[PDB]
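In the form deposited without the partner chain, a lone chain appears below as structure tokens.
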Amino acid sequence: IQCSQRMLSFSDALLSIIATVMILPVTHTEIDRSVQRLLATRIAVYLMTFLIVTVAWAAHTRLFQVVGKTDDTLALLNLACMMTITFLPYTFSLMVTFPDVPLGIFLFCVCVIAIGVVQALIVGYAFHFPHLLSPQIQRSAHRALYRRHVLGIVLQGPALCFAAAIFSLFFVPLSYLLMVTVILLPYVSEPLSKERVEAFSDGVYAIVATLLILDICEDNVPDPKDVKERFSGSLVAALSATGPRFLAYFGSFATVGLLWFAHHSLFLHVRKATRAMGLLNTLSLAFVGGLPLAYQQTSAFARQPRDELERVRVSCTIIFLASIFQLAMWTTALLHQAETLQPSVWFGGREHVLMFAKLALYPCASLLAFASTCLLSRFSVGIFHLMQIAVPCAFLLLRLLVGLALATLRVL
């Protein structure tokens, strides 16, 4: 027997990488109807693959909530499970790119079946050696019924996908219906490990923050030949020619880091994460993945006022979507504060107002910039930049600002 914490941390790292894999085609899209259609398709594929990989990650998290402690064989089986999961984005992209070809849907169904079969092997091994189970399962007298329930839950998806794979040769629409039913059944018809949620969130945030510097380190180191021919041997000029990329990276890193800061602060006060909090966290991460695209678009900065106005609106919308779901997590937690939140941030608690301000800082700023874009259109672009400067400072001075507001309302 061994402690399973590090194995699950490795699983979370791999799964965050796999979930965010499909954001690279979006950010590498150079950017007339054809280009817009291509970008929309890529964004939709990214969202769907992120959600699918998140569903797989959640299934893994609760599977290894059932399995309390790990073992060499369990570690190798988990490696096999991760290997199978790493193919979901590619097979899904292949299926959507070739909807009418049965081979793509068959490959996706095979990937899902393989994940389920490896997880069923893990469940069988763990139940054959009860000391690997959680104490709740170990001490229960209905271990056989627990095994049946867990194994049925694990193998539900594989059965539906196997039926879909069969039907692909006869009636494709029913195959797609079964694939969607796979995701529908678990949620249309419990707590989630807070550590797993935190690890997955940290991985996603770390990847999204550094996407643009990863692009820069590969593409934007000047070529000495190009420097000597096109910039008259001036390295400073060659580096200035690529300024917009650096500005995009700075903005994206700052925004993603501050959103992670808000998430970190929120989860420092969470006692237990519910399923609703997990769903809202998934939505927030999915929309967070899109910030690099927003900042690329705004940094490119086509001089046309209408184009730049559209870019600012899109960026503000993306930031609002990223942060409103964190605020929604916090509001959902407040409904069951007694069991979900530490007493510090309960209604009327010491740090309740500070947490509220910290989580509402970004949605308010994004909404204000978006409104300025409609009311103060000419200044709006500058206002957007002002936002990028104001929000970080507000985070530094947040306690002083909250105290000032409290003192002001004391008399008012």
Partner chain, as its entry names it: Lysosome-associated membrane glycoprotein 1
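Residue numbers count along the first chain shown, from 1. Heads up, when I say rigid core I mean the largest set of C-alphas that superpose within 1.5 Å between the two forms.
Here the rigid core sets the fit, and in 9 other deposited structures of this protein the C-alphas of 383-391 stray farther than those of the other stretch, out of 355-363 and 383-391. Once the rigid core is used to overlay the structures in 9 other deposited structures of this protein, the stretch among 130-138 and 312-320 whose CA atoms lie farther from this form is 130-138.
When the other compared entries with both flanking residues are checked, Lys225 is modelled in all of them, not unmodelled in a third. Compared with the other entries of this protein, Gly203 is consistently built, present in every one of those that build its neighbours rather than absent from a third.
Where coordinates are absent for parts of the deposited sequence, a chain break appears; between neighbours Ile31 and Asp32 it spans 4 to 9 residues. Gap check for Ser189 to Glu190: 10 or more deposited residues are absent from the model.
As for the form deposited with the partner chain bound, it is not shown, yet the points below apply to it.
Of the listed positions (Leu327, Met277, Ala294, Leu132), a single one reaches within 4.5 angstroms of the partner chain by any non-hydrogen atom in the bound PDB entry, namely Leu327. Checked against the partner chain in the bound PDB entry, the residues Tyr46, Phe370, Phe64, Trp57 give one hit for a heavy atom within 4.5 Å, which is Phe370.
Using a 4.5 angstroms threshold between heavy atoms, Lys272 stays clear of the partner chain in the bound PDB entry. The shortest heavy atom separation between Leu335 and the partner chain in the bound PDB entry is within 4.5 Å. The closest heavy atom approach of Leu321 to the partner chain in the bound PDB entry falls within 4.5 Å. When the partner chain is considered in the bound PDB entry, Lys69 lies well away from it, no heavy atom lying within 4.5 Å. The partner is not drawn, yet in the bound PDB entry one stretch among 311-319, 139-147, 115-123, 298-306 has residues with heavy atoms inside 4.5 Å of the partner chain: 311-319.
In the bound PDB entry, the partner chain lies within 4.5 angstroms of at least one heavy atom of each of the following residues of 338-354: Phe347, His352, in sequence order.
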